[PDB]
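The next block holds one structure in the form of structure tokens; read it before the comments.
Numbers restart at 1 for each chain; the letters A, B, ... are given by sequence-line order, proteins then strands.
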Amino acid sequence: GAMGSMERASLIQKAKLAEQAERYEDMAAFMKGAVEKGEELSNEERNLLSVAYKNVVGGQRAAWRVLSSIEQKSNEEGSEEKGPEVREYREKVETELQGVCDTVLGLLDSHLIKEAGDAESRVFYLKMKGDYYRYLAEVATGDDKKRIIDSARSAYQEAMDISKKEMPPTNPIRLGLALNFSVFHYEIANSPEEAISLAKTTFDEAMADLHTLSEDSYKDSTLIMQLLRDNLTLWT
Amino acid sequence: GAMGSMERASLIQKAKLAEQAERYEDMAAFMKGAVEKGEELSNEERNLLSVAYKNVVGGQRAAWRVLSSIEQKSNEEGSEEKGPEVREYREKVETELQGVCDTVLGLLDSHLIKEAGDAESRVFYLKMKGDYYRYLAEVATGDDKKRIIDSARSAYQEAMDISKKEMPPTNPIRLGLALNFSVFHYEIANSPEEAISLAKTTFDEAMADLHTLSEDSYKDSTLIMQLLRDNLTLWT
Amino acid sequence: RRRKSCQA
Amino acid sequence: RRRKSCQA
Ligand SMILES: [Cl-]
Ligand SMILES: [Cl-]
Ligand SMILES: [Mg+2]
Ligand SMILES: [Mg+2]
Ligand SMILES: [Mg+2]
Ligand SMILES: [Mg+2]
């Protein structure tokens, strides 16, 4: 599309500039163009892709939650009828959010996942696939909702299976995946006990492996372990 | 354009929802549609218009300043040549910012200002005209730069003349106008002494009129007086 | 307090 | 410290 005429390296450079300027929509567009060049992504480039889209969709999701709460209050008994505007605007934001999720899922399917052979890259992309199906699930209310939830679950499960076989329990990708799959269990799959069990087991297995790490790797792993602990404290 | 089919009242309602969701681009698009209905704006609606666009352009300006600083460092002696990307991306953000300023100026010219007869509305729109020319001036480097600066100055000066004749010195619109015209003098017109004089005179005349105000009006006026004081402390 | 997912 | 203009 619109990035077809720009060099791959220039798209990456501009994605980094967009990140510095907090222009995440631009950053995502540059990284989409880079993916569409057809070459595999490096570790740094995968990070840029994920940062860009997680910030774009994160803003859409926060807006959707504001509007959904307003809409829910409007449907409470005793609430005045204010017309279709709240629903219409929530639907507009929702459709835009779904479009971005579909875009990310499309990049993963064409053709990031199929070309990813190393454990790190494959787990990273499968985690992303689970996340963007999870974001679709947050807004789903219809007849494909169960299939959206199962698509998230299946992607997370494959990522977990690979990560357990091929990566140490302190690996930041493995840890972030487990954090997100635990959130999936808690608030999407209605399985709080599974969420708590996964967070605890992940935390404890990482703790036991910290002794193998350099100071810098220790800092990276413990940062994500603290997120797991934050959720355990909230949930128990 | 795209809002032509939506009711004026629905556009206003959605602008308020967009504000609650911090979706300022949407908020600005809704308020543009409302203006284009051709009816004058109420006090609340003028506030929504200004809030929307000042947040959109404020984000663009902050991004432009990040990119401009990177570009300036790239042109320092000893800096490696990294290609045209930094300039290109700064230009992209700059062109988008200029487009939004031109959009706002177009709404003011067609036909908000000419229909605004009350002092409050006319001063408000002329302040906005000065502000959006000022934002154009922040990025201007060429042969029309002096005319852009004079357009900002002329709009601010007409707003100041009306505000002094028709509004009390504690009026929040008068105070915000004086704050912004003082910033114009300081950093656009290279007139720091005029900026300081205007901020001090505005502060002191407002102080002398606080005794006439209710508690709520006192709070509104003193909030803006503190911004004037913040600048005086920074500049002296 | 909102639960954490994998974010900065 | 950036100077103030008329913002929230
Ligand atoms: Cl809408
Ligand atoms: Cl560009
Ligand atoms: Mg490969
Ligand atoms: Mg390994
Ligand atoms: Mg009139
Ligand atoms: Mg009067």
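Across every non-hydrogen atom of D:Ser5 and B:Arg134, the tightest pair is CB-NH2, 4.2 Å. The two residues D:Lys4 and B:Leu227 make their nearest non-hydrogen contact at CG-CD2, 3.9 Å.
Inspection of non-hydrogen atoms places no residue of residues 20-27 of chain B under 4.5 Å from chain D. Close approach to chain D, defined as a heavy atom under 4.5 Å from one of its heavy atoms, is seen in B:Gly176, B:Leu179, B:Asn180, B:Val183, B:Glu187 of residues 175-198 of chain B, taken by number.
With rounding to the nearest 0.5 Å, the separation of CG in B:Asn55 from CD in D:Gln7 is 6.5 Å. Here the CG-SG distance, from B:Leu228 to D:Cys6, works out to 9.5 Å after rounding to the nearest 0.5 Å.
Residue contact with chain D, scored on non-hydrogen atoms closer than 4.5 Å, involves the side chain of B:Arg65 exclusively.
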